[PDB]
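**Student:**
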Amino acid sequence: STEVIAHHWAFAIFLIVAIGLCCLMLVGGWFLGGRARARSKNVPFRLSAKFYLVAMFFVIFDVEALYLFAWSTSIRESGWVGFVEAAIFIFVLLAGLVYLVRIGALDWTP
Amino acid sequence: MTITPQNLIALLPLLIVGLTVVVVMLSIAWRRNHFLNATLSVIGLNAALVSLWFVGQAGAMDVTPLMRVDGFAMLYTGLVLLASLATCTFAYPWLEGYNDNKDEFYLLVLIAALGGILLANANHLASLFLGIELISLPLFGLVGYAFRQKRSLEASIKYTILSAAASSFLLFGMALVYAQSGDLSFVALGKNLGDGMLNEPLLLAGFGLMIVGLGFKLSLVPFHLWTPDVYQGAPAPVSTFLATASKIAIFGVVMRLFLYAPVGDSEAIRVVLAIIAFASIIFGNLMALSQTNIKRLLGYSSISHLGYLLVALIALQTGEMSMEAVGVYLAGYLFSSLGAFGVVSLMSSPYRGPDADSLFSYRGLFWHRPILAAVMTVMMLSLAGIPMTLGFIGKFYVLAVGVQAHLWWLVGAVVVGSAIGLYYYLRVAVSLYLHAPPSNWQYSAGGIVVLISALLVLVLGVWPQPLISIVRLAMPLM
Amino acid sequence: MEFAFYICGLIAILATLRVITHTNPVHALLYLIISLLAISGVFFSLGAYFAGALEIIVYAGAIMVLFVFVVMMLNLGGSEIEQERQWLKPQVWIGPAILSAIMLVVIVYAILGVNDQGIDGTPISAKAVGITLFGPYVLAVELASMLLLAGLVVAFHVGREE
Amino acid sequence: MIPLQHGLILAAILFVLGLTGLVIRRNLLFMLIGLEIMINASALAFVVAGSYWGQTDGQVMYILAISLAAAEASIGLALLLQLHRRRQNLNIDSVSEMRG
Amino acid sequence: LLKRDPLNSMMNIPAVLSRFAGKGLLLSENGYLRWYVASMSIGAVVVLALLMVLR
Ligand SMILES: CCCCCCCCCCCCCCCCCC(=O)OC[C@H](COP(=O)(O)OCCN)OC(=O)CCCCCCCCCCCCCCCCC
Ligand SMILES: CCCCCCCCCCCCCCCCCC(=O)OC[C@H](COP(=O)(O)OCCN)OC(=O)CCCCCCCCCCCCCCCCC
Ligand SMILES: CCCCCCCCCCCCCCCCCCCC
Ligand SMILES: CCCCCCCCCCCCCC
């Protein structure tokens, strides 16, 4: 089919021209305009474990999200049995979320 | 394949342990209650152990392509559940001295027991991989539960790094096997070959990488060096669980994989496993000769005992009673390791800091803890394969299986390793009676567990026929 | 279709080689992200569309975000181990390089003797993967939820501040 | 028209590169990075094998593999943070007090 | 000449061999994680080479 190969060429040209466009604006910004020196121009103008905890929770729940992504595109042909399986999955998810909230894992404020 | 109500009846201990995980986690979310959450965990494990009766009444059947439930799966599920119940029982008096959160321990033990049940029922490379991971990751948490201690943190780091490496090795081997075979079911691994072309190079290489991962998990030489450090650094109930349940479940799924796969009777794999079993027996016995730490000594002992079990694995296709020998040996090894590690756990309870694992701390144990010393000397006699112990019955089964299949190098290795084991086990058991310079019902429950283990070891050492008949009843699908 | 496969494979190999030899951790993670993008391109060239989408969504969009997050939290600057460049000394890496080369040679020799009709690259959709996941692989899905729950509990117990 | 051997060889190359990085790096973060490389390579090998046979099982094993990779990366980075808290140093040779 | 029981020492030789072999094998347990990983990869190489030799 020539339609799919035309769309592949269009997608490739889209990505190439977008990347080259931002590269070209960066190059033009670097090249144009005069430069001046100052004494204090070069002068610039421990994080808690909650940061790692939030990122880790995001990673784990994103993996369970991928499982639900796979389920959601084929719900009709998985039937009510697949609904029961995904309901068990989501219940385990919500129980984990309730556990995380209730023990203060998702409480930034003291 | 779909899931039917009778398949759900065959699913019963897995469903009960999962429901226990959810219930205990929601109870922790309600309120942190050590007694209540420990009680809920042991109630769920006991319920799964009881529901094994309904599983047996249901019969042997395939639940999805992933699992097959039979008497073999029931026996290994029962062994895993017994080890988990003992681990919780030893965990409570140890966790009574823990200043941080104690309720997560039982959650991790329950999830690891779920992985053990999955490995008991596994009929597929997917379920084997998932069961191994489901055992290992809660053990990453449990080994480093007292992560403020440097030994527990170091053991957790070592176990996590090496188990991730072994899991990647096992998954790469599974992928190579799948690339050769085109099916991840156990019975299809080598089925698409004929006319004496079983030794396909990619299939053998994939099975070798799986051997790397599984032999890490079973502490088999040369994937064994983690064992004394992780055994010593872990908390003592965690050491109990890691010595019993993880090893038993992984060896059971290895048993089933080598029974069902047509490439399991390949001569190259048999010779490689013979070399591994020989080296495991000799090395694990030799390294435990001069151990002043009881947990490290039990780690090297575990290496040697898994070598004996692998010797029984090698004669799977040659002889007729290899699976029966493995079942009898694993029951005896579970009871002996439960007693020994439980005495260590009760001597380290409550948690105060460094573990009581020096042999000088167990020197003269009889003069203040006589029952614990009697239990520990019974377990040292059992792990040495001394008669009127179940360990001797297991060793006799291993020797009979090796003699039937004419594995004379392995038989001689078992004899030599038994002599070396005699030296160091007798050293521990007689140091118990030399001269050297609690008060709640959960500690009494742990003492009752180790006493019952000692009584079972002695009684089934004298009279092994009930255990033999039970193991002969628990047979897989041929 | 094979043009993309070979170029993405070469890019992934080169980026991984830059990863395991680099000094700056953020730069090493950036090369790792590049290698994961190339591996996703490999997945898309083989027809495994869901695998490539998850390779960028989850591997190159969640897990390495966590690695980058931890590195940025630790403020890894002029570390003494970082400054030494011990892994760049021949006497440190020449042994493991020979060991990995021997393992690669053995695995490649095993690979070259397998039956190969070629990969047609017919797209196996996310819909078929979802059908398989909630059909024959239902127990895998539920016990994977349990596995990630175990990871969550362990990482909360260990990575707390207190 | 992609040979299965070429995809398997690419996966093996990535696997041994990750193993080399795991062995030669004293810093625990680069050890975890090498572990991520090896598990990603094994998952790639499963995807290649599934694509050769025209089956969803390769991508299902990929999904299980990356679930393991995510949870293991979470645990390993928690342990790395604990090591940095209690040691102020990520040298893995320092965690060696248990031996013999 | 015999008062030291030479046959007893000749039969005690395997005990000193076991002691020496155990002391030599305990050198591998140096406590280093990177060596444990390297030994796992060495064992992988040995297992794979043995399987390809006896295929
Ligand atoms: C405080 C609360 C305490 C609660 C109690 C806790 C402790 C007690 C736990 C009890 C657990 C009972 C488990 C019972 C399993 C067997 C049930 C059964 O009826 O099995 C029969 C069945 C074969 O017989 P049939 O019914 O004819 O088979 C039809 C199916 N084709 O048999 C089979 O199919 C296989 C039979 C063998 C399966 C293994 C046995 C169960 C697990 C044992 C683990 C320990 C073994 C070692 C120790 C033995 C000590 C004697
Ligand atoms: C140019 C020379 C090199 C320059 C330096 C490197 C630049 C990047 C090179 C890699 C990315 C582009 C590779 C070339 C893709 C060209 C399109 C293509 O091959 O399309 C064929 C096929 C279309 O799909 P299908 O329906 O199967 O069609 C088969 C024919 N009917 O396509 C497919 O099936 C899959 C299409 C490719 C996969 C998606 C894109 C992946 C991009 C990954 C980038 C990784 C990071 C790169 C970093 C570079 C700098 C270090
Ligand atoms: C401070 C301690 C550091 C320990 C570093 C350990 C590095 C191990 C390197 C092993 C190199 C092996 C080289 C090949 C050996 C021959 C082939 C395999 C065995 C047959
Ligand atoms: C350390 C253990 C040594 C055991 C030696 C056993 C030797 C067996 C030889 C069998 C020869 C069979 C010829 C057909």
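Protein chains in written order, with the entry's author numbering: chain A, 6 to 50, 63 to 127; chain N, 1 to 437, 445 to 485; chain J, 1 to 162; chain K, 1 to 100; chain L, 559 to 613. Each residue gets a CB set at the ideal place from its N, CA and C atoms; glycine is no exception.
What alpha helix (DSSP H) runs, 4 residues minimum, are completely inside the stretch 69-124 of chain N?
**Tutor:** Runs of the alpha helix (DSSP H) inside the stretch 69-124 of chain N: 71-95, 103-121.
**Student:** In the DSSP output, what is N24(J) paired with across the bridge?
**Tutor:** None, per the DSSP bridge assignment.
**Student:** Please state the DSSP three-state secondary structure of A356(N).
**Tutor:** Three-state DSSP puts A356(N) in coil, outside helix and strand.
**Student:** Which residues, taken in chain order from the stretch 60-76 of chain K, show a beta carbon closer than 8 angstroms to some beta carbon of chain A?
**Tutor:** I63, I66, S67, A70, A71, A73, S74
**Student:** Give the DSSP-derived three-state secondary structure of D62(N) in the structure shown.
**Tutor:** Three-state DSSP puts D62(N) in a strand.
**Student:** Flag this pair as touching only if the stretch 42-58 of chain K and the stretch 31-47 of chain A have three or more C-beta atom pairs under 8 angstroms; answer yes or no.
**Tutor:** no
**Student:** So, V464(N) versus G339(N), is the Cβ gap smaller than 9 angstroms?
**Tutor:** Taking 9 angstroms as the cut-off, the beta carbon of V464(N) is found closer than this to the beta carbon of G339(N).
**Student:** May I ask you to list the residues that DSSP assigns as paired with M67(N)?
**Tutor:** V63(N), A122(N)
**Student:** Using only the alpha-carbon positions, how far apart do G100(K) and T227(N) sit?
**Tutor:** 11 angstroms
**Student:** For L463(N), verify whether its CB is less than 8 angstroms away from any heavy atom of ligand 1.
**Tutor:** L463(N): yes, Cβ under 8 angstroms from ligand 1.
**Student:** Return the residue from the list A112(A), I120(A), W97(A), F106(A) that minimises the CA-CA distance to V141(J).
**Tutor:** Restricting attention to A112(A), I120(A), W97(A), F106(A), the CA atom closest to the CA of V141(J) is found in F106(A).
**Student:** Is there a C-beta anywhere in chain L that falls below 9 angstroms from the one on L422(N)?
**Tutor:** Chain L contact via Cβ: absent.
**Student:** For a cutoff of 9 angstroms on Cβ pairs, would you count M64(J) as touching chain K?
**Tutor:** yes
**Student:** Let me check you understand the geometry: is the CB of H13(A) closer than 8 angstroms to at least one non-hydrogen atom of ligand 2?
**Tutor:** yes
**Student:** Closer than 8 angstroms to a non-hydrogen atom of ligand 5 - does that hold for the CB of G95(J)?
**Tutor:** In the structure on display, ligand 5 does not appear, and the ligands it does have are ligand 1, ligand 2, ligand 3 and ligand 4.
**Student:** Can you tell me whether residue 442(N) is buried or exposed, with buried defined as 16 or more other CB within 10 angstroms of its CB?
**Tutor:** Note on chain N: numbering goes from 437 to 445 directly, and residue 442(N) within that interval has no coordinates.
**Student:** Please go through the same chain and pick out, in chain order, the residues whose beta-carbon is closer than 8 angstroms to the beta-carbon of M72(J), but skip the five residues on each side of it.
**Tutor:** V26
**Student:** Compare the C-beta of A179(N) against all C-beta atoms of chain K and say whether one is closer than 9 angstroms.
**Tutor:** yes
**Student:** I'd like the list of long-range same chain contacts for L193(N), defined as Cβ closer than 7 angstroms, with 5 residues on each side in sequence excluded.
**Tutor:** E200
**Student:** Any heavy atom of ligand 3 closer than 8 angstroms to the CB of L608(L)?
**Tutor:** no
**Student:** Within a Cβ cutoff of 7 angstroms, which residues of the same chain sit near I420(N), ignoring the five residues on either side of it in sequence?
**Tutor:** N285, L286, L289
**Student:** So, is the C-beta of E36(K) closer than 9 angstroms to a C-beta in chain L?
**Tutor:** no
**Student:** Step through the CB atoms of chain J and report whether any lies within less than 9 angstroms of the CB of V95(K).
**Tutor:** no
**Student:** Short of 9 angstroms Cβ to Cβ, which residues in the stretch 144-160 of chain N face chain K?
**Tutor:** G144, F147, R148, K150, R151, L153, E154, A155, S156, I157, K158, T160
**Student:** For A122(N), which residues in the same chain have their Cβ closer than 6 angstroms to its Cβ, ignoring the five residues on either side in sequence?
**Tutor:** Once the five neighbours on either side are set aside, the close Cβ partners of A122(N) are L128, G131, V253.
**Student:** Between the stretch 131-144 of chain J and chain A, which residues of the former have a C-beta closer than 8 angstroms to a C-beta of the latter?
**Tutor:** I131, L133, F134, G135, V138, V141, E142, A144
**Student:** Cβ-heavy atom distance between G52(J) and ligand 2 below 8 angstroms?
**Tutor:** Answer for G52(J): yes, Cβ within range of ligand 2.
**Student:** Examine ligand 4 and report whether any of its heavy atoms sits within less than 8 angstroms of the Cβ of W593(L).
**Tutor:** no
**Student:** Thinking C-alpha only, which one of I117(N), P93(N), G59(N) is nearest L81(N)?
**Tutor:** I117(N)
**Student:** Using a 10 Å radius around the Cβ and a threshold of 16 neighbouring Cβ atoms, would you call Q117(J) buried or exposed?
**Tutor:** exposed
**Student:** Can you tell which of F335(N), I211(N), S136(N), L309(N) has the C-alpha that lies nearest to the C-alpha of residue 493(N)?
**Tutor:** What the structure shows of chain N is the stretch from 1 to 485, and residue 493(N) is not part of that stretch, so it cannot be assessed.
**Student:** Is it buried or exposed, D120(J), if we count other Cβ atoms within 10 angstroms and call 16 or more buried?
**Tutor:** exposed
**Student:** Note down, in chain order, every chain K residue with its Cβ under 8 angstroms from the Cβ of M103(J).
**Tutor:** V16, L19
**Student:** Let me know if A73(K) comes out buried or exposed under the rule of 16 or more other beta-carbons within 10 Å of its beta-carbon.
**Tutor:** buried
**Student:** Closest to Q472(N) by CA distance: which of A279(N), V328(N), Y159(N) is it?
**Tutor:** For the set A279(N), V328(N), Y159(N), the Cα lying nearest the Cα of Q472(N) is the one of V328(N).
**Student:** Using three-state DSSP, classify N75(J) as helix, strand or coil.
**Tutor:** coil
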